[PDB]
>>> print(open('run.pdb').read())   # PDB, C-alpha atoms
ATOM      1  CA  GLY I   1     -63.440  -6.404  15.020
ATOM      2  CA  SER I   2     -60.938  -7.517  17.619
ATOM      3  CA  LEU I   3     -59.995 -10.151  15.036
ATOM      4  CA  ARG I   4     -59.315  -7.437  12.448
ATOM      5  CA  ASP I   5     -57.250  -5.419  14.951
ATOM      6  CA  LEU I   6     -55.106  -8.490  15.610
ATOM      7  CA  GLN I   7     -54.834  -9.351  11.928
ATOM      8  CA  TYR I   8     -53.650  -5.837  11.118
ATOM      9  CA  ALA I   9     -51.172  -5.834  14.016
ATOM     10  CA  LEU I  10     -49.725  -9.170  12.919
ATOM     11  CA  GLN I  11     -49.462  -8.074   9.300
ATOM     12  CA  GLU I  12     -47.839  -4.824  10.454
ATOM     13  CA  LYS I  13     -45.242  -6.763  12.471
ATOM     14  CA  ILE I  14     -44.524  -9.014   9.506
ATOM     15  CA  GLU I  15     -43.938  -5.972   7.292
ATOM     16  CA  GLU I  16     -41.742  -4.459  10.032
ATOM     17  CA  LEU I  17     -39.656  -7.631  10.231
ATOM     18  CA  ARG I  18     -39.062  -7.665   6.492
ATOM     19  CA  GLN I  19     -37.840  -4.061   6.558
ATOM     20  CA  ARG I  20     -35.640  -4.848   9.571
ATOM     21  CA  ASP I  21     -34.211  -7.845   7.724
ATOM     22  CA  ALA I  22     -33.489  -5.736   4.638
ATOM     23  CA  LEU I  23     -31.683  -3.174   6.798
ATOM     24  CA  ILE I  24     -29.610  -5.895   8.479
ATOM     25  CA  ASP I  25     -28.524  -7.222   5.072
ATOM     26  CA  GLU I  26     -27.403  -3.743   4.017
ATOM     27  CA  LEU I  27     -25.555  -3.268   7.300
ATOM     28  CA  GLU I  28     -23.736  -6.577   7.116
ATOM     29  CA  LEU I  29     -22.791  -5.748   3.541
ATOM     30  CA  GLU I  30     -21.446  -2.375   4.663
ATOM     31  CA  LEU I  31     -19.477  -4.074   7.447
ATOM     32  CA  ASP I  32     -17.735  -6.482   5.094
ATOM     33  CA  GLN I  33     -16.677  -3.547   2.913
ATOM     34  CA  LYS I  34     -15.236  -1.632   5.865
ATOM     35  CA  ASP I  35     -13.523  -4.815   7.018
ATOM     36  CA  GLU I  36     -11.825  -5.165   3.642
ATOM     37  CA  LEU I  37     -10.770  -1.506   3.726
ATOM     38  CA  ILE I  38      -9.237  -1.988   7.166
ATOM     39  CA  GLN I  39      -7.264  -4.924   5.777
ATOM     40  CA  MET I  40      -6.075  -3.009   2.711
ATOM     41  CA  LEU I  41      -5.002  -0.173   4.994
ATOM     42  CA  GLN I  42      -3.196  -2.471   7.411
ATOM     43  CA  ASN I  43      -1.424  -4.272   4.575
ATOM     44  CA  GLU I  44      -0.374  -0.947   3.096
ATOM     45  CA  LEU I  45       1.091   0.185   6.449
ATOM     46  CA  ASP I  46       2.919  -3.129   6.755
ATOM     47  CA  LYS I  47       4.863  -2.444   3.553
ATOM     48  CA  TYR I  48       6.613   0.260   5.588
ATOM     49  CA  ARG I  49       7.150  -1.751   8.786
ATOM     50  CA  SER I  50       7.683  -5.284   7.421
ATOM     51  CA  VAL I  51      11.025  -5.956   9.063
ATOM     52  CA  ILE I  52      10.958  -3.746  12.169
ATOM     53  CA  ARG I  53       7.485  -4.050  13.733
TER      54      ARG I  53
ATOM     55  CA  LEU D   1     -58.125 -16.384  17.910
ATOM     56  CA  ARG D   2     -55.552 -17.440  20.505
ATOM     57  CA  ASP D   3     -53.450 -18.626  17.564
ATOM     58  CA  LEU D   4     -53.320 -15.005  16.350
ATOM     59  CA  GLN D   5     -52.365 -13.663  19.782
ATOM     60  CA  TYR D   6     -49.550 -16.226  20.098
ATOM     61  CA  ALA D   7     -48.443 -15.433  16.540
ATOM     62  CA  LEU D   8     -48.426 -11.708  17.322
ATOM     63  CA  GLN D   9     -46.502 -12.241  20.541
ATOM     64  CA  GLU D  10     -43.850 -14.241  18.688
ATOM     65  CA  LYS D  11     -43.453 -11.501  16.050
ATOM     66  CA  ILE D  12     -43.119  -8.903  18.805
ATOM     67  CA  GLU D  13     -40.285 -10.894  20.399
ATOM     68  CA  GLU D  14     -38.621 -11.332  16.987
ATOM     69  CA  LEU D  15     -38.868  -7.604  16.300
ATOM     70  CA  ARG D  16     -37.151  -6.860  19.628
ATOM     71  CA  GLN D  17     -34.336  -9.254  18.652
ATOM     72  CA  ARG D  18     -33.969  -7.669  15.220
ATOM     73  CA  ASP D  19     -33.842  -4.199  16.748
ATOM     74  CA  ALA D  20     -31.168  -5.199  19.285
ATOM     75  CA  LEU D  21     -29.032  -6.703  16.516
ATOM     76  CA  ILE D  22     -29.406  -3.549  14.415
ATOM     77  CA  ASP D  23     -28.213  -1.405  17.314
ATOM     78  CA  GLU D  24     -25.165  -3.639  17.662
ATOM     79  CA  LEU D  25     -24.415  -3.638  13.943
ATOM     80  CA  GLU D  26     -24.731   0.124  13.757
ATOM     81  CA  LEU D  27     -22.425   0.646  16.728
ATOM     82  CA  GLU D  28     -19.948  -1.691  15.037
ATOM     83  CA  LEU D  29     -19.899   0.208  11.768
ATOM     84  CA  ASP D  30     -19.481   3.503  13.598
ATOM     85  CA  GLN D  31     -16.453   1.946  15.274
ATOM     86  CA  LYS D  32     -15.032   0.581  12.028
ATOM     87  CA  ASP D  33     -15.286   4.128  10.649
ATOM     88  CA  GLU D  34     -13.073   5.359  13.508
ATOM     89  CA  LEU D  35     -10.491   2.612  12.963
ATOM     90  CA  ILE D  36     -10.482   3.474   9.263
ATOM     91  CA  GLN D  37      -9.958   7.166  10.014
ATOM     92  CA  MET D  38      -7.246   6.278  12.528
ATOM     93  CA  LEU D  39      -5.496   4.029  10.001
ATOM     94  CA  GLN D  40      -5.659   6.681   7.237
ATOM     95  CA  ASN D  41      -4.116   9.273   9.525
ATOM     96  CA  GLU D  42      -1.364   6.763  10.242
ATOM     97  CA  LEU D  43      -0.815   6.043   6.520
ATOM     98  CA  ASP D  44      -0.561   9.802   5.900
ATOM     99  CA  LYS D  45       2.651   9.807   7.978
ATOM    100  CA  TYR D  46       4.172   7.448   5.410
ATOM    101  CA  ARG D  47       2.411   8.347   2.173
TER     102      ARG D  47
END
>>> encode(input="run.pdb", output="structure tokens")
Amino acid sequence: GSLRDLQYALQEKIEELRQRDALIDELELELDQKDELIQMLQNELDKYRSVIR
Amino acid sequence: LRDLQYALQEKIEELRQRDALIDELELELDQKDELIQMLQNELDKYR
């Protein structure tokens, strides 16, 4: 009764954590991609300012 | 049954931590998007 309520709440939290963890993985993946893009962009700009920056 | 309450409390705390991290990560990627846009606008001066 109370036991079942607790069991469900725990199980719910465990399922919530796994979704949270999956989201985090996707986010960190997205971050690395944007990081690489920022580098590509900065390197590209540097072609034009190599000597004078 | 105290074991279940302690277990639940720990998961609650962990969920709070996960949620805080997600907020940070999301703010970060929003900000990387702005840098990217800023850098593209800059590159457009050179093409």
>>> closest_atom_pairs(input="run.pdb", of="chain I", to="chain D", cutoff="9 Å", atoms="all atoms listed in the file", output="tab-separated table")
residue	atom	partner	partner_atom	distance
I:3	CA	D:1	CA	7.1
I:6	CA	D:4	CA	6.8
I:7	CA	D:4	CA	7.3
I:9	CA	D:8	CA	7.3
I:10	CA	D:8	CA	5.2
I:11	CA	D:8	CA	8.9
I:13	CA	D:11	CA	6.2
I:14	CA	D:11	CA	7.1
I:16	CA	D:15	CA	7.6
I:17	CA	D:15	CA	6.1
I:20	CA	D:18	CA	6.5
I:21	CA	D:18	CA	7.5
I:23	CA	D:22	CA	8.0
I:24	CA	D:22	CA	6.4
I:27	CA	D:25	CA	6.8
I:28	CA	D:25	CA	7.5
I:30	CA	D:29	CA	7.7
I:31	CA	D:29	CA	6.1
I:34	CA	D:32	CA	6.6
I:35	CA	D:32	CA	7.5
I:37	CA	D:36	CA	7.5
I:38	CA	D:36	CA	6.0
I:41	CA	D:39	CA	6.6
I:42	CA	D:39	CA	7.4
I:44	CA	D:43	CA	7.8
I:45	CA	D:43	CA	6.2
I:48	CA	D:46	CA	7.6
>>> atom_distance(input="run.pdb", atom1="atom CA of residue 27 of chain D", atom2="atom CA of residue 19 of chain I")
19.1 Å
>>> atom_distance(input="run.pdb", atom1="atom CA of residue 18 of chain I", atom2="atom CA of residue 1 of chain I")
25.9 Å
>>> atom_distance(input="run.pdb", atom1="atom CA of residue 24 of chain D", atom2="atom CA of residue 12 of chain I")
23.8 Å
>>> axis_aligned_box(input="run.pdb", around="segment 44-50 of chain I", padding_each_side="4 Å", output="JSON")
{"center_x": 3.7, "center_y": -2.5, "center_z": 5.9, "size_x": 16.1, "size_y": 13.5, "size_z": 13.7}
>>> decode(input="run.pdb", residues="segment 1-34 of chain D", atoms="N, CA and C atoms", output="PDB file, in the first residue's frame")
ATOM      1  N   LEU D   1      11.515  -0.974   5.065  1.00  0.00           N
ATOM      2  CA  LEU D   1      10.849   0.074   4.300  1.00  0.00           C
ATOM      3  C   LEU D   1      11.570   1.423   4.400  1.00  0.00           C
ATOM      4  N   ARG D   2      12.432   1.565   5.402  1.00  0.00           N
ATOM      5  CA  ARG D   2      13.283   2.746   5.487  1.00  0.00           C
ATOM      6  C   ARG D   2      14.321   2.723   4.371  1.00  0.00           C
ATOM      7  N   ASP D   3      14.730   1.524   3.967  1.00  0.00           N
ATOM      8  CA  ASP D   3      15.670   1.374   2.862  1.00  0.00           C
ATOM      9  C   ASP D   3      15.119   1.991   1.573  1.00  0.00           C
ATOM     10  N   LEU D   4      13.816   1.826   1.355  1.00  0.00           N
ATOM     11  CA  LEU D   4      13.130   2.389   0.193  1.00  0.00           C
ATOM     12  C   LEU D   4      13.034   3.910   0.266  1.00  0.00           C
ATOM     13  N   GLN D   5      12.703   4.432   1.442  1.00  0.00           N
ATOM     14  CA  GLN D   5      12.678   5.880   1.645  1.00  0.00           C
ATOM     15  C   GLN D   5      14.051   6.527   1.419  1.00  0.00           C
ATOM     16  N   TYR D   6      15.104   5.910   1.950  1.00  0.00           N
ATOM     17  CA  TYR D   6      16.458   6.425   1.740  1.00  0.00           C
ATOM     18  C   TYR D   6      16.850   6.339   0.268  1.00  0.00           C
ATOM     19  N   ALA D   7      16.477   5.236  -0.378  1.00  0.00           N
ATOM     20  CA  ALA D   7      16.735   5.042  -1.799  1.00  0.00           C
ATOM     21  C   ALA D   7      16.027   6.106  -2.634  1.00  0.00           C
ATOM     22  N   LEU D   8      14.778   6.392  -2.278  1.00  0.00           N
ATOM     23  CA  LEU D   8      13.979   7.384  -2.984  1.00  0.00           C
ATOM     24  C   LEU D   8      14.572   8.770  -2.794  1.00  0.00           C
ATOM     25  N   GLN D   9      14.976   9.069  -1.567  1.00  0.00           N
ATOM     26  CA  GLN D   9      15.570  10.364  -1.270  1.00  0.00           C
ATOM     27  C   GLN D   9      16.846  10.590  -2.076  1.00  0.00           C
ATOM     28  N   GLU D  10      17.656   9.547  -2.200  1.00  0.00           N
ATOM     29  CA  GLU D  10      18.893   9.635  -2.970  1.00  0.00           C
ATOM     30  C   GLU D  10      18.606   9.906  -4.455  1.00  0.00           C
ATOM     31  N   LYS D  11      17.609   9.219  -5.007  1.00  0.00           N
ATOM     32  CA  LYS D  11      17.227   9.417  -6.405  1.00  0.00           C
ATOM     33  C   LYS D  11      16.677  10.824  -6.642  1.00  0.00           C
ATOM     34  N   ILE D  12      15.946  11.350  -5.666  1.00  0.00           N
ATOM     35  CA  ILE D  12      15.453  12.715  -5.750  1.00  0.00           C
ATOM     36  C   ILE D  12      16.621  13.705  -5.856  1.00  0.00           C
ATOM     37  N   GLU D  13      17.598  13.555  -4.969  1.00  0.00           N
ATOM     38  CA  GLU D  13      18.784  14.406  -4.988  1.00  0.00           C
ATOM     39  C   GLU D  13      19.522  14.284  -6.326  1.00  0.00           C
ATOM     40  N   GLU D  14      19.657  13.059  -6.831  1.00  0.00           N
ATOM     41  CA  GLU D  14      20.339  12.836  -8.105  1.00  0.00           C
ATOM     42  C   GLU D  14      19.598  13.483  -9.261  1.00  0.00           C
ATOM     43  N   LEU D  15      18.268  13.436  -9.209  1.00  0.00           N
ATOM     44  CA  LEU D  15      17.448  14.046 -10.252  1.00  0.00           C
ATOM     45  C   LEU D  15      17.651  15.560 -10.257  1.00  0.00           C
ATOM     46  N   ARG D  16      17.664  16.167  -9.069  1.00  0.00           N
ATOM     47  CA  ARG D  16      17.956  17.603  -8.960  1.00  0.00           C
ATOM     48  C   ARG D  16      19.302  17.957  -9.594  1.00  0.00           C
ATOM     49  N   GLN D  17      20.327  17.152  -9.315  1.00  0.00           N
ATOM     50  CA  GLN D  17      21.652  17.363  -9.903  1.00  0.00           C
ATOM     51  C   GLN D  17      21.629  17.250 -11.422  1.00  0.00           C
ATOM     52  N   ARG D  18      20.963  16.218 -11.929  1.00  0.00           N
ATOM     53  CA  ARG D  18      20.842  16.034 -13.368  1.00  0.00           C
ATOM     54  C   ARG D  18      20.166  17.234 -14.003  1.00  0.00           C
ATOM     55  N   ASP D  19      19.077  17.690 -13.390  1.00  0.00           N
ATOM     56  CA  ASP D  19      18.324  18.815 -13.932  1.00  0.00           C
ATOM     57  C   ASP D  19      19.134  20.116 -13.948  1.00  0.00           C
ATOM     58  N   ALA D  20      19.929  20.349 -12.905  1.00  0.00           N
ATOM     59  CA  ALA D  20      20.787  21.531 -12.862  1.00  0.00           C
ATOM     60  C   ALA D  20      21.821  21.480 -13.984  1.00  0.00           C
ATOM     61  N   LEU D  21      22.430  20.313 -14.171  1.00  0.00           N
ATOM     62  CA  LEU D  21      23.425  20.139 -15.227  1.00  0.00           C
ATOM     63  C   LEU D  21      22.820  20.390 -16.612  1.00  0.00           C
ATOM     64  N   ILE D  22      21.616  19.878 -16.824  1.00  0.00           N
ATOM     65  CA  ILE D  22      20.917  20.050 -18.091  1.00  0.00           C
ATOM     66  C   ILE D  22      20.651  21.527 -18.397  1.00  0.00           C
ATOM     67  N   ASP D  23      20.288  22.281 -17.366  1.00  0.00           N
ATOM     68  CA  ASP D  23      20.053  23.706 -17.525  1.00  0.00           C
ATOM     69  C   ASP D  23      21.336  24.401 -17.955  1.00  0.00           C
ATOM     70  N   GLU D  24      22.446  23.992 -17.351  1.00  0.00           N
ATOM     71  CA  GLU D  24      23.746  24.563 -17.674  1.00  0.00           C
ATOM     72  C   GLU D  24      24.133  24.224 -19.107  1.00  0.00           C
ATOM     73  N   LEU D  25      24.007  22.948 -19.459  1.00  0.00           N
ATOM     74  CA  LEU D  25      24.370  22.487 -20.788  1.00  0.00           C
ATOM     75  C   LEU D  25      23.561  23.208 -21.847  1.00  0.00           C
ATOM     76  N   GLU D  26      22.267  23.362 -21.590  1.00  0.00           N
ATOM     77  CA  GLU D  26      21.392  24.011 -22.548  1.00  0.00           C
ATOM     78  C   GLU D  26      21.732  25.484 -22.725  1.00  0.00           C
ATOM     79  N   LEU D  27      22.078  26.152 -21.628  1.00  0.00           N
ATOM     80  CA  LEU D  27      22.472  27.551 -21.698  1.00  0.00           C
ATOM     81  C   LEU D  27      23.741  27.664 -22.531  1.00  0.00           C
ATOM     82  N   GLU D  28      24.654  26.721 -22.315  1.00  0.00           N
ATOM     83  CA  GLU D  28      25.920  26.669 -23.035  1.00  0.00           C
ATOM     84  C   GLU D  28      25.723  26.528 -24.532  1.00  0.00           C
ATOM     85  N   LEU D  29      24.821  25.643 -24.945  1.00  0.00           N
ATOM     86  CA  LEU D  29      24.658  25.425 -26.374  1.00  0.00           C
ATOM     87  C   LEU D  29      23.929  26.578 -27.038  1.00  0.00           C
ATOM     88  N   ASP D  30      23.059  27.247 -26.290  1.00  0.00           N
ATOM     89  CA  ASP D  30      22.457  28.486 -26.772  1.00  0.00           C
ATOM     90  C   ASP D  30      23.549  29.527 -27.026  1.00  0.00           C
ATOM     91  N   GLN D  31      24.538  29.563 -26.144  1.00  0.00           N
ATOM     92  CA  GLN D  31      25.597  30.552 -26.247  1.00  0.00           C
ATOM     93  C   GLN D  31      26.599  30.221 -27.343  1.00  0.00           C
ATOM     94  N   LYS D  32      26.834  28.931 -27.567  1.00  0.00           N
ATOM     95  CA  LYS D  32      27.665  28.507 -28.689  1.00  0.00           C
ATOM     96  C   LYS D  32      27.020  28.856 -30.026  1.00  0.00           C
ATOM     97  N   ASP D  33      25.697  28.720 -30.096  1.00  0.00           N
ATOM     98  CA  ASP D  33      24.925  29.160 -31.260  1.00  0.00           C
ATOM     99  C   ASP D  33      25.118  30.640 -31.606  1.00  0.00           C
ATOM    100  N   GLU D  34      25.181  31.490 -30.584  1.00  0.00           N
ATOM    101  CA  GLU D  34      25.424  32.917 -30.782  1.00  0.00           C
ATOM    102  C   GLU D  34      26.843  33.195 -31.278  1.00  0.00           C
TER     103      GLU D  34
END
